[PDB]
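Everything below concerns the one structure shown next.
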Amino acid sequence: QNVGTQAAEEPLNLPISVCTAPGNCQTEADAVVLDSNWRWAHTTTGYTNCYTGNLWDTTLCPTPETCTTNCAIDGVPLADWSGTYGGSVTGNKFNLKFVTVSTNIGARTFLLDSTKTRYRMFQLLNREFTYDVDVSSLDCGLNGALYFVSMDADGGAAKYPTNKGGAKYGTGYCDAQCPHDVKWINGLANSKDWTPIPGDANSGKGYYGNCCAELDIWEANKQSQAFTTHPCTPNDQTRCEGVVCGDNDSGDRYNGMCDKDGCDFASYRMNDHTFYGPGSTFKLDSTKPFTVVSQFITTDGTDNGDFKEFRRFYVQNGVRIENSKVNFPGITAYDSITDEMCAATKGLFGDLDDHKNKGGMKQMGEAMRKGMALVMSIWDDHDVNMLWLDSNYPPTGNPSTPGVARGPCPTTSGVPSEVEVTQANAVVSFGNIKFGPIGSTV
């Protein structure tokens with residue numbers, strides 16, 4: 001995309017901590033940038049929309065190349081962050097409102113480095129990543145997500161010279177779902193064969209998808225939470241078409257370059273329904289804030305080893321809370337993501353181990369070694385109504401069959417039109433982000 005001249009781009013300042021030992025950290029003066037999908041797209045030498053509602057203008061965008069020549073994405077000024085997009089920062093806390101009323105629904109954002117010209121790339125192997133979260137106002141159907149993806153640090157600017165904005169304009173998004181709803185891919189409008197998504201007034205799908213590796217630290221609302229590894233072959237940003245995208249709609253979910261299911265550790269799905277929930281007698285009380293700690297263990301305990309284990313623990317009101325465990329007869333009580341856990345649990349659930357097909361923890365680790373961009377988002381799910389996270393999936397499945405039940409939400413929950421009314425004022429908060437060696441962040 002070209003860059004427009006109507007509004008300066010002003011990312012929100014967000015300090016994080018880089019740590020060397022427990023309680024010995026230094027501030028890193030980073031910032032938050034809005035994903036290019038949420039930006040106004042208009043004519044390069046005017047005010048005329050190139051995209052309105054869920055459609056590209058066919059006169060301006062008869063082809064992707066012409067669209068890209070004629071159109072530009074514009075900046076987010078400071079005033080518009082809260083007023084238009086529902087984003088705000090107080091000290092080291094970042095807040096994202098779900099619906100902001102001209103009416104904005106959801107948000108996806110990235111962490112910029114201290115220069116505000118590149119994404120802050122995290123080399124996560126043999127490191128610990130930690131943050132405080134509040135998901136108390138997110139119920140069934142919503143997801144306040146924090147995760148990493150194998151985006152380029154410059155959003156693709158060096159690879160795709162028609163991308164003028166780079167990381168500064170939140171470009172280059174890709175993930176392990178190979179999404180077609182990304183409006184700008186490889187420096188070009190994804191306007192070919194663009195199709196609105198029914199019941200989604202703001203979104204559509206273009207000819208291409210954009211694939212890359214994804215490490216989900218946090219997919220969650222107050223009812224259920226998960227962390228998940230998604231390797232791809234290769235891991236780096238890859239525009240896809242046809243079978244390579246692994247499109248759900250053509251029966252290709254397991255035929256593409258990315259592991260779409262991922263290998264998940266989701267406490268409720270692993271059959272501990274009392275670990276996490278909205279109340280003081282759950283082990284971890286989702287009505288109150290808490291700290292989420294993630295440790296990425298290698299084979300030799302060094303930065304050069306292969307990724308072998310994703311460990312997790314929590315801190316809430318000064319109380320250390322170890323992760324829940326897998327709880328099925330004849331299955332080891334795993335409390336972390338490893339290749340063995342993935343094989344054993346997917347075996348039990350009858351899920352295809354595409355994680356293993358894509359190179360497993362080792363391949364996931366190669367993405368983490370090269371460095372990944374931090375994503376913070378809030379969203380509802382127009383495909384599957386978040387049932388995969390917090391309900392029975394498939395909805396018609398027996399909840400006593402291992403793998404089906406992922407949370408207590410009813411199978412009628414999560415319809416975007418309903419959650420966008422009922423949960424309009426939901427806000428996820430991510431704060432006090434800390435990064436360092438294992439054992440350094442609490």
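Got a sec? Charge dipole of the chain, +1 on Cβ for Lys and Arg, -1 for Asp and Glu; which of 36, 194, 404 is way out at the positive end? Of the candidates, 36 comes out farthest on the positive side. Each of 286, 417, 136 was scored by other Cβ atoms within 10 Å of its Cβ. Listed from fewest to most, they are 417, 136, 286.
Spin-label model, residue 49/residue 320: points 7 Å from Cα along the beta carbon direction are separated by 5.4 nm.
Relative protection proxy for 258-266, 32-40, from highest mean packing down: 258-266, 32-40 (other beta-carbon atoms within 10 angstrom).
Under 5 Å between amide hydrogens, built in the peptide plane, is the criterion, and for residue 2 it picks out 73, 164 among residues at least 5 positions away or on other chains.
Grouping the Cα pair distances of the stretch 328-378 into 5 Å bins from zero gives a pair-distance distribution of 5, 17, 21, 18, 16, 13, 7, 2 percent in increasing distance order.
In terms of the mean number of neighbouring beta-carbon atoms within 10 Å, the peptides 213-219, 369-375 order highest first as 213-219, 369-375.
Cα gyration tensor of the stretch 154-253, axes a ≥ b ≥ c as square roots of the eigenvalues: rounded (a/c below 1.5), prolate (a/b > b/c) or oblate? Rounded, because the longest to shortest axis ratio a/c is under 1.5. Helical runs (DSSP H, four residues minimum) scored at -39500 (n - 2.57) apiece and divided by the length of the chain put the mean residue ellipticity at 222 nm at -3000 deg cm²/dmol. The local environment of residue 112, defined by Cβ-Cβ distances under 9 Å, has a net charge of +2 under the rule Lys, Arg +1 and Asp, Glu -1. In terms of other Cβ atoms within 10 Å, 290, 430 run from fewest to most in the order 290, 430. Using Stokes-Einstein with the Kirkwood hydrodynamic radius over Cα pairs, what translational diffusion coefficient do you get for the chain at 10 °C and a viscosity of 1.306 mPa s, in µm²/s rounded to a whole number? For these conditions, the coefficient is 73 µm²/s. Shown for the chain: no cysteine residue is without a partner Cβ closer than 4.7 Å. Can you classify the stretch 88-197 as rounded, prolate or oblate using the Cα gyration tensor, where a ≥ b ≥ c are the square roots of its eigenvalues, rounded means a/c under 1.5, and otherwise it's prolate if a/b beats b/c and oblate if not? It is oblate, given that a/c is not under 1.5 and a/b is not larger than b/c.
In this Cβ point-charge picture (+1 for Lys and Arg, -1 for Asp and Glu), the chain has a dipole of about 680 debye about its Cα centre.
The peptide list 220-227, 42-49, put in order of mean Cβ contacts within 10 Å with the highest first, becomes 220-227, 42-49.
Label reach from residue 332 (point 7 Å along Cα→C-beta): in the stretch 273-303, amide nitrogens under 16 Å belong to 297-299. Between residue 340 and residue 241, residue separation times 0.36 nm minus the direct Cα-Cα distance comes to 32.4 nm.
For residue 41, the residues whose modelled amide H falls within less than 5 Å of its own, excluding neighbours fewer than 5 places apart on the same chain, are 50, 51.
Distance between the pseudo-spin-label points of residue 306 and residue 21 (7 Å out from Cα toward the beta carbon): 3.4 nm.
When each of 294, 391, 280, 82 is scored by the number of other beta-carbon atoms lying within 10 Å, the sequence from fewest to most is 280, 82, 294, 391. Is the stretch 213-318 best put as rounded, prolate or oblate by its Cα gyration tensor, with a ≥ b ≥ c the root eigenvalues, rounded for a/c under 1.5, and otherwise prolate when a/b is larger than b/c, oblate when not? Oblate, since a/c reaches 1.5 and b/c is not below a/b.
Virtual Cβ from ideal backbone geometry, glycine too; neighbours counted across all protein chains shown. Since every read-out is calculated from the coordinates, none of them should be taken as a lab result.
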